[PDB]
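Asks: Next up is a structure, given as structure tokens.
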Amino acid sequence: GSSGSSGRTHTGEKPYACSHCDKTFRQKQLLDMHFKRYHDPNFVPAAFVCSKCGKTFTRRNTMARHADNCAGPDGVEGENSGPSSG
Ligand SMILES: [Zn+2]
Ligand SMILES: [Zn+2]
């Protein structure tokens, strides 16, 4: 699955390993926001879940807008789990 599918199914030993703690991440961005987040209460991830269906939104405003045009869950989803080592 080269030059066609990447990320979907590919386990890559997180090259970015935080120095302050024993945490690792795939993309720097992750290890960049993790520090300013944990090591610093300044950075705060926007977590807003809908109420009509139950979707996820990384923006208070955006979400609110969606709710308006949101019809509902129109189904039963929200169940997954992958117990593995890596
Ligand atoms: Zn860290
Ligand atoms: Zn919704």
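Ligands are numbered from 1 in the order shown, residues from 1 within each chain, and chains are lettered A, B, ... in the order they appear in the structure tokens.
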List all protein, DNA and RNA residues that have at least one atom no more than 6 Å from any atom of ligand 2, counting only C-alpha atoms and all ligand atoms, and write them as an NGL selection string.
Replies: :A and (50 or 52-55 or 67 or 70 or 72)
Asks: Using only C-alpha atoms and all ligand atoms, which residues have at least one atom no more than 8 Å from ligand 1? Output them as an mmCIF file with N, CA and C atoms, in the first residue's frame.
Replies:
data_model
loop_
_atom_site.group_PDB
_atom_site.id
_atom_site.type_symbol
_atom_site.label_atom_id
_atom_site.label_comp_id
_atom_site.auth_asym_id
_atom_site.auth_seq_id
_atom_site.Cartn_x
_atom_site.Cartn_y
_atom_site.Cartn_z
ATOM 1 N N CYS A 18 9.597 12.692 24.296
ATOM 2 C CA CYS A 18 9.763 13.806 25.222
ATOM 3 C C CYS A 18 10.940 13.561 26.162
ATOM 4 N N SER A 19 11.638 14.634 26.520
ATOM 5 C CA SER A 19 12.789 14.535 27.411
ATOM 6 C C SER A 19 12.365 14.701 28.867
ATOM 7 N N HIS A 20 11.403 15.589 29.099
ATOM 8 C CA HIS A 20 10.905 15.842 30.446
ATOM 9 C C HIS A 20 10.281 14.584 31.040
ATOM 10 N N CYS A 21 9.489 13.884 30.233
ATOM 11 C CA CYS A 21 8.829 12.663 30.679
ATOM 12 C C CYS A 21 9.164 11.496 29.754
ATOM 13 N N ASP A 22 8.616 10.327 30.066
ATOM 14 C CA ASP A 22 8.856 9.133 29.263
ATOM 15 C C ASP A 22 7.713 8.901 28.279
ATOM 16 N N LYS A 23 7.345 9.951 27.551
ATOM 17 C CA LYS A 23 6.266 9.864 26.574
ATOM 18 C C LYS A 23 6.811 9.961 25.152
ATOM 19 N N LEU A 31 4.167 15.969 20.326
ATOM 20 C CA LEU A 31 5.127 16.159 21.409
ATOM 21 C C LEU A 31 5.310 17.640 21.723
ATOM 22 N N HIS A 34 1.908 18.456 23.699
ATOM 23 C CA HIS A 34 1.878 17.654 24.916
ATOM 24 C C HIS A 34 2.611 18.361 26.051
ATOM 25 N N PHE A 35 3.758 18.951 25.732
ATOM 26 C CA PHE A 35 4.556 19.659 26.727
ATOM 27 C C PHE A 35 3.834 20.912 27.211
ATOM 28 N N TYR A 38 0.646 19.422 29.263
ATOM 29 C CA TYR A 38 0.879 18.797 30.559
ATOM 30 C C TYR A 38 1.867 19.614 31.387
ATOM 31 N N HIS A 39 3.112 19.670 30.925
ATOM 32 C CA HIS A 39 4.153 20.417 31.622
ATOM 33 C C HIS A 39 3.736 21.871 31.821
#
Asks: Which residues in chain A does DSSP call strand (DSSP E)? List them as a list in words.
Replies: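 Here are the strand (DSSP E) residues of chain A: residues 16, 17, 24, 25, 48, 49, 56 and 57 of chain A.
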Asks: Could you save the residues just selected, with C-alpha atoms, as a PDB file, in the first residue's frame?
Replies:
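Saved to out.pdb:
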ATOM      1  CA  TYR A  16       9.589  11.929  19.007  1.00  0.00           C
ATOM      2  CA  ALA A  17      10.296  11.063  22.642  1.00  0.00           C
ATOM      3  CA  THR A  24       6.493   9.400  22.806  1.00  0.00           C
ATOM      4  CA  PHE A  25       4.631  10.687  19.750  1.00  0.00           C
ATOM      5  CA  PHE A  48     -16.761  19.873  22.621  1.00  0.00           C
ATOM      6  CA  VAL A  49     -19.082  16.929  21.972  1.00  0.00           C
ATOM      7  CA  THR A  56     -16.686  15.460  18.438  1.00  0.00           C
ATOM      8  CA  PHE A  57     -15.608  19.045  17.772  1.00  0.00           C
TER       9      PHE A  57
END
Asks: What's the separation between atom CA of residue A:51 and atom CA of residue A:71, in Å to one decimal place?
Replies: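 We find that atom CA of residue A:51 and atom CA of residue A:71 lie 10.6 Å from each other.
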Asks: Nearest to residue A:63 among A:32, A:37, A:47, A:12, with distances taken over only C-alpha atoms: which residue is it?
Replies: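 That would be A:47, the residue with the smallest distance to residue A:63.
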Asks: Quote the spacing between atom CA of residue A:80 and atom CA of residue A:28 in Å to one decimal place.
Replies: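 One can read the atom CA of residue A:80 to atom CA of residue A:28 distance as 26.4 Å.
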Asks: Counting only C-alpha atoms, what is within 12 Å of stretch 5-10 of chain A, bar same-chain residues fewer than 6 positions away, as a ChimeraX atom specification?
Replies: /A:26-27,86
Asks: Suppose we keep N, CA, C and O atoms; can you now write the selection as a PDB file, in the first residue's frame?
Replies:
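Final file, selection01.pdb:
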ATOM      1  N   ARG A  26       4.181  10.324  17.394  1.00  0.00           N
ATOM      2  CA  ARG A  26       4.517  10.121  15.990  1.00  0.00           C
ATOM      3  C   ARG A  26       4.989  11.424  15.349  1.00  0.00           C
ATOM      4  O   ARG A  26       6.102  11.503  14.831  1.00  0.00           O
ATOM      5  N   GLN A  27       4.132  12.440  15.389  1.00  0.00           N
ATOM      6  CA  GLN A  27       4.462  13.737  14.811  1.00  0.00           C
ATOM      7  C   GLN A  27       4.887  14.723  15.894  1.00  0.00           C
ATOM      8  O   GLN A  27       4.314  14.750  16.984  1.00  0.00           O
ATOM      9  N   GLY A  86       1.924  -3.639  20.520  1.00  0.00           N
ATOM     10  CA  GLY A  86       2.578  -2.768  19.561  1.00  0.00           C
ATOM     11  C   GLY A  86       3.990  -3.217  19.237  1.00  0.00           C
ATOM     12  O   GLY A  86       4.227  -4.421  19.142  1.00  0.00           O
TER      13      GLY A  86
END
Asks: Among chain A, which residues carry a DSSP assignment of helix (DSSP H, G or I), reported as a list in words?
Replies: residues 28, 29, 30, 31, 32, 33, 34, 35, 36, 37, 38, 39, 60, 61, 62, 63, 64, 65, 66, 67, 68 and 69 of chain A
Asks: So what do you get for atom CA of residue A:3 versus atom CA of residue A:15, distance-wise?
Replies: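 Here the two named atoms are 21.5 Å from each other.
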